[PDB]
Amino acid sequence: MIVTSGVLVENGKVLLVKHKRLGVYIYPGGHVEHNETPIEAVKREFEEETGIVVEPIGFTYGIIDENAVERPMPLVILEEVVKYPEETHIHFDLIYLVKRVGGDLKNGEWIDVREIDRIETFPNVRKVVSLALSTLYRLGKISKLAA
């Protein structure tokens, strides 16, 4: 199942929500519906789950012509295992760095990136925030110290 996640980091904090069935903290995200692109899906899910409107950002070579438009590269792509009692699912997760462009927080919690070890999170949440901090730094949206 192809899914997508959005990693929003502001002022040393990352916005996480609790997974519906697992009850651990995760990046907002979810399954990419058959009728939407992963980009539309991550924006949709981030807003529905937190009330915050975002835009995926990241690297692109800059291709755009009358026939196609290049979309930003995910921060990372992890093929993840989720084990339910009845069956194990495999999530091909396109994880996108995102930025806030609107909305207002209605659900979710801003977690200090250095205190992530204090809350129960889905596997790799910590490694991924580390990747996000290094990336925001590579874009200069953040100082190396902040990263």
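Residue indices: 1-based, along the sequence shown.
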Averaged over C-alpha atoms, is the B-factor higher for 136 to 144 or for 3 to 11 in this PDB entry?
136 to 144
Select between 77 to 85 and 44 to 52 the stretch whose C-alpha atoms have the higher average B-factor in the entry.
44 to 52
Highest recorded C-alpha temperature factor, please, choosing from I39, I57, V113, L94.
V113
Per the entry's values, where does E70 land by CA temperature factor relative to the rest of its chain, in the lowest, middle or highest third?
lowest
Based on the entry's values, in what third of the chain does the Cα temperature factor of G103 lie: lowest, middle or highest?
highest
Using the B-factor values recorded in the entry, state whether the Cα atom of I90 falls in the lowest, middle or highest third among the modelled residues of its chain.
lowest
